[PDB]
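Everything below concerns the one structure shown next.
Each chain gets a letter, A, B and so on, in the order the sequences are listed, and its residues count up from 1.
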Amino acid sequence: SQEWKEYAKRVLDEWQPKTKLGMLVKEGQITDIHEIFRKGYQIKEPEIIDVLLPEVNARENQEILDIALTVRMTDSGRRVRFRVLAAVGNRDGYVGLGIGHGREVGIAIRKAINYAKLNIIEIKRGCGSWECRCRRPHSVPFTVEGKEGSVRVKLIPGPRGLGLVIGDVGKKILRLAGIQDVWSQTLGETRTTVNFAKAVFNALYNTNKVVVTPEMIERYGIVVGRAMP
RNA sequence: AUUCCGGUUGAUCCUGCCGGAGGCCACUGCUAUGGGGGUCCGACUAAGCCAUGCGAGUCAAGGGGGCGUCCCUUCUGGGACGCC
Ligand SMILES: [Mg+2]
Ligand SMILES: [Mg+2]
Ligand SMILES: [Mg+2]
Ligand SMILES: [Mg+2]
Ligand SMILES: [Zn+2]
């Protein structure tokens, strides 16, 4: 944590904002990550996340989900292009997913990491399993669903210490968001990695669309964003 | 662990089947130091055919006999005892 404080301080001083939200962050009128959500702002400068969530630059908080090469046909042969699917998170409450293209692998990786920061979202965590009622944010608070392409994903709460009972892509994405235990069910073509990742991402996002009462927050130990001990 | 991964195109998304990865049972290649426990070993084809030995006896306190050893007298005998 000590490295990232000074890293954010270094980034803040030499950064020239170009947008309104960047100006708000630069002048110190916005000081917390949670204050840029749920008000319709547009996020176009990656430095905002670097200042407010510096730990997404750690090597352990980034994941290269997949790499593919695609071909365009021309009378002078085949033109090759790289597509990279990547994800980032702070392992507490925030996660982002991105896609980048480039003529060579390094450019595509850089752009994919860059776009993941701009698509960052915050989720809700809790414990809602029938056989584990512990009020601790180690799983999803209730059953959620998502879909993309032909892939349908359903996430079910699990007991503490169970593990992530899901394919590897889902494992990585859920780990980056700070979830330890879950059950799952799927339909469709999971071997299409992009759609699988997007479906898991949408299922995580849909935790904000479920109406809840103040009693439920106490009952399931629902936490929004950072756990904040 | 309420799970996926490879395969149809110059490249993409689907439907759909094949293969991989797990457990148990029967036969089998190569190779093997020790102990304990258990309801394991000619069932699948032939409920096909069988040399040899064994796998159902017991009762002397139900009854007349045979044989043997002893005691009493014994010509003769009567007892007791033990086998058949
Ligand atoms: Mg031409
Ligand atoms: Mg759609
Ligand atoms: Mg075809
Ligand atoms: Mg026979
Ligand atoms: Zn729990």
Neighbour count above 12 (heavy atom, 6.0 Å) for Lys111(A) NZ: no
Would you tabulate the pairs of protein nitrogen or oxygen atoms and nucleotide nitrogen or oxygen atoms of nucleotides 6-9 of chain B closer than 3.5 angstrom?
unit_1, atom_1, unit_2, atom_2, d
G6(B), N7, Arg191(A), NH1, 3.0
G6(B), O6, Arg191(A), NH1, 3.2
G7(B), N7, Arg191(A), NH1, 3.4
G7(B), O6, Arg191(A), NH1, 3.3
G7(B), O6, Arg191(A), NH2, 3.2

Among [options], which nucleotide sits nearest the side chain of [X]?
X	options	answer
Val71(A)	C4(B), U2(B), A11(B)	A11(B)
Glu189(A)	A1(B), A11(B), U15(B)	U15(B)
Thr192(A)	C4(B), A1(B), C13(B)	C13(B)

Pairs meeting criterion ring-ring contact (aromatic ring centres under 6.0 Å, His included) with involvement of residues 208-229 of chain A, two or more places apart: none
For the pair made of [atom1] in [X] and [atom2] in [N], what is the distance, rounded to whole Å?
X	N	atom1	atom2	value
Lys172(A)	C4(B)	NZ	P	14 Å
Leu187(A)	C4(B)	CG	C1'	14 Å
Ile156(A)	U2(B)	CD1	P	11 Å
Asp168(A)	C4(B)	CG	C1'	8 Å
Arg175(A)	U3(B)	CZ	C1'	14 Å
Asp181(A)	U3(B)	CG	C1'	15 Å
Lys171(A)	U2(B)	NZ	P	12 Å
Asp66(A)	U12(B)	CG	P	11 Å

CA sep, side-chain torsions, deciding dist, call: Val95(A), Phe201(A), side-chain contact (heavy atoms from CB on, under 4.5 Å): CA-CA 9 Å; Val95(A) 65; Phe201(A) 195 69; 3.9 Å; yes
Residue closer to the 5' end of RNA chain B, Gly188(A) versus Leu162(A) (nearest nucleotide): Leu162(A)
Residue met sooner reading RNA chain B from 5', once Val169(A) and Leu164(A) are mapped to nucleotides: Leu164(A)
Partner residues of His34(A) under the side-chain hydrogen bond (donor to acceptor under 3.5 Å, both in side chains) criterion, sequence neighbours left out: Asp32(A)
side-chain hydrogen bond (donor to acceptor under 3.5 Å, both in side chains) partners of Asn119(A), counting only residues at least two apart: none
Reading the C1'-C2'-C3'-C4' torsion of [N], is its sugar north or south?
N	result
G42(B)	south
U8(B)	south
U39(B)	south
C44(B)	south
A21(B)	north

Contacts of type ring-ring contact (aromatic ring centres under 6.0 Å, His included), residue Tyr41(A), not counting sequence neighbours: none
Listed once per pair and sorted, the salt bridge (charged side-chain N to carboxylate O under 4.0 Å, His left out) pairs that draw on residues 85-105 of chain A, sequence neighbours left out: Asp92(A)-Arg125(A)
Pairs meeting criterion salt bridge (charged side-chain N to carboxylate O under 4.0 Å, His left out) with involvement of residues 68-87 of chain A, two or more places apart: none
Sorted by number, the residues of residues 124-147 of chain A with heavy-atom contact under 4.0 Å to RNA chain B: none
Nucleic acid contacts - residues 72-83 of chain A versus RNA chain B, non-hydrogen atoms under 4.0 Å: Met73(A), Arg78(A)
Is there a Watson-Crick or G-U wobble partner for [N] with both distances under 3.5 Å, and which nucleotide is it?
N	value
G19(B)	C5(B)
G48(B)	none
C59(B)	none
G35(B)	none
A43(B)	none
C83(B)	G66(B)

With a cut-off of less than 4.0 Å, is there a side-chain N or O of [X] near OP1 or OP2 of [N]?
X	N	value
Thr186(A)	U3(B)	no
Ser150(A)	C13(B)	no
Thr190(A)	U3(B)	no

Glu45(A) and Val25(A), any side-chain heavy atoms less than 4.5 Å apart: no
Non-hydrogen atoms of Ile99(A) and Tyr115(A) that approach each other most closely: O-CD1, 3.4 Å
Intrastrand stacking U69(B), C70(B), 5.5 Å centres and 30° planes: yes
Base stack present between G38(B) and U39(B), cut-offs 5.5 angstrom and 30 degrees: no
Residue pairs fulfilling side-chain hydrogen bond (donor to acceptor under 3.5 Å, both in side chains) with at least one residue in residues 3-14 of chain A, sequence neighbours excluded: none
Same apolar cluster: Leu24(A) and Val11(A), side chain cutoff 4.5 Å: yes
Do any side-chain atoms of residues 136-164 of chain A form donor-acceptor pairs under 3.5 angstrom with protein atoms, and if so which ones, sequence neighbours left out?
unit_1, atom_1, unit_2, atom_2, d
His138(A), ND1, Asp181(A), OD2, 3.0
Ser139(A), OG, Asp181(A), O, 2.8
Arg152(A), NH1, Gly149(A), O, 3.1

Can you give me every donor-acceptor pair (side chain of residues 62-71 of chain A, partner residue at least two apart or in another chain, under 3.5 Å) with its distance?
unit_1, atom_1, unit_2, atom_2, d
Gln62(A), NE2, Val56(A), O, 3.1
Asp66(A), OD1, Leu85(A), N, 3.2

Touch class at under 4.0 angstrom, heavy-atom based, for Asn195(A) against every strand present: sugar-phosphate
